[PDB]
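Colleague: One structure follows; several queries about it will come next.
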Amino acid sequence: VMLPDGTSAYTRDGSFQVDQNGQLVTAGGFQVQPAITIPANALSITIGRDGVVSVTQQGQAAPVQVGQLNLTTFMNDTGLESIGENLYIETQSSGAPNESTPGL
Amino acid sequence: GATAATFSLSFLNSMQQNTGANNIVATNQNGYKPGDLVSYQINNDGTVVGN
Amino acid sequence: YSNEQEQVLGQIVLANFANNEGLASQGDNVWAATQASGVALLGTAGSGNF
Amino acid sequence: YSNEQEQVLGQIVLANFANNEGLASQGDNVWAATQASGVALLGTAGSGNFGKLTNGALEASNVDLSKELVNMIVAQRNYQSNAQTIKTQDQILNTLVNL
Amino acid sequence: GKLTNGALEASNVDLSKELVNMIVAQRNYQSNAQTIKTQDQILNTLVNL
Amino acid sequence: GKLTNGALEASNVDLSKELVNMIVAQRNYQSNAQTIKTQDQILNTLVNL
Amino acid sequence: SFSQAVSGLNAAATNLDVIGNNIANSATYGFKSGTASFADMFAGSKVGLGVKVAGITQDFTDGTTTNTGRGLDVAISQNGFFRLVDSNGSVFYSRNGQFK
Amino acid sequence: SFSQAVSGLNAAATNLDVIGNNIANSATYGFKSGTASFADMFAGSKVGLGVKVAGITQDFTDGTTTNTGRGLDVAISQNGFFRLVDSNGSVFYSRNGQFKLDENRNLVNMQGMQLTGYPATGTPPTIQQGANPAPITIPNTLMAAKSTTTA
Amino acid sequence: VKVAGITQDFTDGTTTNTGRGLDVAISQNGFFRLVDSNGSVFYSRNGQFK
Amino acid sequence: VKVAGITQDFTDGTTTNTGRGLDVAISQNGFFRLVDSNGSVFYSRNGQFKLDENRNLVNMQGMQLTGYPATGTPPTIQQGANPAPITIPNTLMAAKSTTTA
């Protein structure tokens, strides 16, 4: 997730909401990377086992992919520093953030 | 204009005895016309068979 | 009416929001638009996303 | 018509899916095509993988009430057993709290 | 269609079909009542917890 | 509307639906009483502490 | 959920009322039987929220033609409807041919 | 702990709701029974966290074909689905055969969705299967005369 | 702990038949748009109108 | 005390008929072999198999049922071949010129 400072925090809570602009944000109002935008006329949101986010529009015969949700892993999970709001940030004891597809 | 079918026709197992009259017992051939999928099933021994 | 003729008097408009949750409930089973919910998109029933 | 002459006005089309169970029920005893159900294959009755139409007749439901009235009993018993487990855990937590 | 004089058209209600449908609908109603009773017992079990 | 002489307008109350609504309202009342009992237990714990 | 059972009970009651009304009109000139048409009401979830009556459909099949011996009763065969007017000029239609 | 029995209770409630829905639709033409599918929820520990409802599966088996005597009741034996269109143009599929001829002369079901099919074009009209399905209509438009060309 | 929010569950409820011609129920998404005496705009799913 | 382990009870359950042609159960011993979308191989006794969009036989969770494929004309079960996901194609089955009568 992207903090207002532009830095990246990491959260495990999955209750996501949509802001007035149509983007996916964490329930604390923080915008979760990658930028996954849900359009105005969305009927149903399908998030697959591998993090592929799709929406189905009215009158459109095929579902439309609006992004790809990835998972970040750390070689040392304990070293992450909590900043509240169910958010962890990376320290030097928490290794480095490794982005990966959910199932890889 | 299609290629004529060349095949081995066999009268094996046939017989000539004092029957009722000259009659054909059976005929078989391994060719078939084009067919589209109609049904599918899973057999008792596990084979998947499409009819 | 009684002259075997009918007269349309209006069409009920429906509102759809970009964030249905951000709505601030005012009670009386009634919601109010909020910056979190965004502006209301107006339309007719049974058409589009309505 | 009245001149002793027939005219065709249209032919009913039938749709078959790769995955019938992937259809989403929209109510009004009506199904909707979805990606899991696959694209609808259109055709005519009595040809390919489409059954014939029976005119002047209606297809009734396949719900067997004897079977359902049995099931319901089994599900009631399972639900009550789960509630018993819930109350057991409640008594456990009460025991630990009372210390 | 033409008009028949000195005659009246009766109703098209067959009593046998109506009686059989009444029996079937009664059975369906009792099945739904059994469902209602099932939900009643479930809710009673939860409240008695 | 039209007036019909020699006839009376009976009530529009159907007993079956009213009985079902009574059952549902009884269940709602019992659940609400359970909530009341739950609140009565939390204040007891705090008062006793 | 109580809603599905309540809707099913209401639909069964409606069907039973329709059947009883048809029975009450077994001997009624110009009467057409009725049948309730049911539809399910799936709404978002897959749990089958309940059932609803989509409407009541008439059965406009000609009944048996019975002679009465009076000249002022007219039976109608095949399609068609007798046209009547009330005291206020409204137009109505009926298959009953008992006139005076 | 609690979540295990909570998931069990939720699964039992879903099963009972599916059964109640099936019963409520005992007499509904074109209805297919539903059944809940359950699966385990193991997560690392061997204690078996809980159960979840994997989905609802329909039983797409043919029901009884009951004679009604109307000419607009048509039943699909074996596989097949009637194709319908609403006012938005969305395509739907249904096994119901209760079609009614509306005021605009189209074949629609009880809820008003228009039955679709291959239209007839030309003189004499014949079904052209190369076209996309269109709503079926039955106009009263008098049929014109054809001067003879072959006797 | 801190209450992160109070989120609603905007799933469609059961459609219960009543028989009043002034009652309207919303299927799928959409809201009824209302105004009070002060001109404030409100949104409600309750369809019991008089 | 120490929890030594969790032992499964691998006894055969009741076989209940459903009437679905894609529904199959195992009596006695044996497990169905499935493959995940990432290629990981699993084993399960559940027999709720359905045809997916791409004409493959998958269970509820989307794992493809695996087995010996068919090759040749006419095709035959290749007992020496590695198990592969089962697919039921709807492709047109061509004609064979007659060879023996």
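Laboratory data are not the source of any read-out in this text; all were calculated from the coordinates shown. Note that each Cβ is placed from the backbone with ideal geometry, even for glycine, and that neighbours are counted across all protein chains shown.
Colleague: Those residues that are hydrophobic (A, V, I, L, M, F, W, C) and farther than 30 Å from H:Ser90 by Cβ, I need them from segment A:57-97; list them, please.
Modeller: Hits for segment A:57-97 are A:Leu71, A:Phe74, A:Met75, A:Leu80, A:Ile83, A:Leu87, A:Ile89, A:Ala96.
Colleague: Restrict the check to segment C:24-41 and report whether at least one residue is touching a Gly at 6+ places or on another chain (Cβ under 7 Å), in contact (Cβ under 8 Å) with a residue 24 or more places away in the chain and surrounded by 12 or more Cβ atoms within 10 Å (Cβ to Cβ).
Modeller: For segment C:24-41, residues touching a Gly at 6+ places or on another chain (Cβ under 7 Å), in contact (Cβ under 8 Å) with a residue 24 or more places away in the chain and surrounded by 12 or more Cβ atoms within 10 Å (Cβ to Cβ): absent.
Colleague: Just the residues that are at the interface with chain E (Cβ under 8 Å from one of its Cβ atoms) and closer than 27 Å to E:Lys17 by Cβ, please, taken from segment G:51-72.
Modeller: G:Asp59, G:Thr61, G:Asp62, G:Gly63, G:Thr64, G:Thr65, G:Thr66, G:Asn67, G:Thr68
Colleague: Restricting the search to segment D:61-99, which residues are under 30 Å from H:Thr64 (Cβ atoms) and either touching a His at 6+ places or on another chain (Cβ under 7 Å) or not in a helix (DSSP H, G or I) (or both)?
Modeller: Of everything in segment D:61-99, those that are under 30 Å from H:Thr64 (Cβ atoms) and either touching a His at 6+ places or on another chain (Cβ under 7 Å) or not in a helix (DSSP H, G or I) (or both) turn out to be D:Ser61, D:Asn62, D:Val63, D:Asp64.
Colleague: Do you know which residues across segment A:37-58 are away from chain C (no Cβ under 14 Å) and among the hydrophobic types (A, V, I, L, M, F, W, C)?
Modeller: A:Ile47, A:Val52, A:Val53
Colleague: Restricting attention to segment H:4-20, and to residues there that are of a type in the set (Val, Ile, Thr) and more than 7 Å from chain G (Cβ to nearest Cβ), which single residue is nearest to the chain's Cα centre (by Cα)? Walk me through how you get there before you give the answer.
Modeller: Kept after step one, since they are of a type in the set (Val, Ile, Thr), are these residues of segment H:4-20: H:6, H:14, H:18-19.
This time we only want the ones that are more than 7 Å from chain G (Cβ to nearest Cβ), so: H:6, H:19.
Details: H:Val6: 35, H:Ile19: 20 Å.
Per the criteria, the residue is H:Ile19.
Colleague: Let me ask another. Looking only at residues that are of a type in the set (A, V, I, L, M) and touching a strand residue (DSSP E or B) at 6+ places or on another chain (Cβ under 7 Å) in segment G:48-74, which one is surrounded by the fewest Cβ atoms within 10 Å (Cβ to Cβ)?
Modeller: Initially, segment G:48-74 is screened for residues of a type in the set (A, V, I, L, M), giving G:49, G:51, G:53-54, G:56, G:72, G:74.
Those still in the list that are touching a strand residue (DSSP E or B) at 6+ places or on another chain (Cβ under 7 Å) too: G:51, G:53-54, G:56, G:74.
Working: G:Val51: 28, G:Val53: 17, G:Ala54: 20, G:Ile56: 13, G:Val74: 17.
Out of the qualifying residues, it is G:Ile56.
Colleague: Can you pull out every residue in segment E:10-32 that is in contact with a helix residue (DSSP H, G or I) (Cβ under 8 Å, 6 or more places away or on another chain) and β-branched (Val, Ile, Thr)?
Modeller: If the condition is that a residue be in contact with a helix residue (DSSP H, G or I) (Cβ under 8 Å, 6 or more places away or on another chain) and β-branched (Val, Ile, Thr), then E:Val13 is the only one that fits.
Colleague: Name every residue in segment G:89-100 that is loosely packed, with under 10 Cβ neighbours inside 10 Å and at the interface with another protein chain (Cβ under 9 Å from one of its Cβ atoms), in order of residue number.
Modeller: Matches in segment G:89-100: G:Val91 only.
Colleague: G:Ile76: of a type in the set (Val, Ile, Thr) and under 15 Å from the mean Cα position of the chain (by Cα), yes or no?
Modeller: no
Colleague: Going by the structure shown, is H:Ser77 touching a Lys or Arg at 6+ places or on another chain (Cβ under 9 Å) and either facing chain D (nearest Cβ under 7 Å) or of a type in the set (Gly, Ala, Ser) (or both)?
Modeller: yes
Colleague: Tell me which residues, restricted to segment D:1-35, are within 15 Å of the chain's Cα centre (by Cα) and either small (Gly, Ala, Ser) or under 21 Å from H:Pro125 (Cβ atoms) (or both).
Modeller: D:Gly22, D:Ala24, D:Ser25, D:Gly27, D:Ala32, D:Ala33
Colleague: Return yes when G:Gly48 is touching a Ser or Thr at 6+ places or on another chain (Cβ under 6 Å) and not aliphatic (A, V, I, L, M) and no when it is not.
Modeller: It is false that G:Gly48 is touching a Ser or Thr at 6+ places or on another chain (Cβ under 6 Å) and not aliphatic (A, V, I, L, M).
Colleague: Oh, and also: Just the residues that are at the interface with chain D (Cβ under 10 Å from one of its Cβ atoms), surrounded by fewer than 10 Cβ atoms within 10 Å (Cβ to Cβ) and farther than 18 Å from D:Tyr1 by Cβ, please, taken from segment H:123-151.
Modeller: H:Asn132
Colleague: Turning to a different aspect of this structure: Just to be sure, is A:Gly67 within 14 Å of another protein chain (Cβ to nearest Cβ) and not aliphatic (A, V, I, L, M)?
Modeller: no
Colleague: Further question: Go through segment B:13-34 residue by residue and tally those that are within 14 Å of another protein chain (Cβ to nearest Cβ) and aliphatic (A, V, I, L, M).
Modeller: 2
Colleague: Surrounded by 11 or more Cβ atoms within 10 Å (Cβ to Cβ) and small (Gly, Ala, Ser): does that describe B:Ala5?
Modeller: Values: surrounded by 11 or more Cβ atoms within 10 Å (Cβ to Cβ): yes; small (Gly, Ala, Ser): yes.
Answer is yes for this residue.
Colleague: Would you pick out the residues in segment H:134-151 that are in contact with a strand residue (DSSP E or B) (Cβ under 7 Å, 6 or more places away or on another chain) and part of a loop (DSSP other than H, G, I, E, B)?
Modeller: Initial filter on segment H:134-151 (in contact with a strand residue (DSSP E or B) (Cβ under 7 Å, 6 or more places away or on another chain)): H:134-138.
Listed by number, the residues that qualify are H:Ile136, H:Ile138.
Colleague: Given (1) touching a residue at least 24 places away in the same chain (Cβ under 8 Å); (2) in a loop (DSSP other than H, G, I, E, B); (3) away from chain B (no Cβ under 13 Å), identify the lone condition not met by J:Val1.
Modeller: For J:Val1, the exception is condition (1).
Colleague: If a residue must be β-branched (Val, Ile, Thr), more than 12 Å from chain E (Cβ to nearest Cβ) and farther than 29 Å from G:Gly8 by Cα, how many such residues does segment F:1-35 contain?
Modeller: Of the residues in that region, 1 qualify.
Colleague: May I pose another question? Restricting attention to segment G:21-47, and to residues there that are facing another protein chain (nearest Cβ under 7 Å) and in a helix (DSSP H, G or I), which single residue is surrounded by the fewest Cβ atoms within 10 Å (Cβ to Cβ)?
Modeller: Top of the filtered list is G:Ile23.
Colleague: Within segment A:64-96, how many residues are surrounded by 12 or more Cβ atoms within 10 Å (Cβ to Cβ) and assigned to a loop (DSSP other than H, G, I, E, B)?
Modeller: Result for segment A:64-96: 11.
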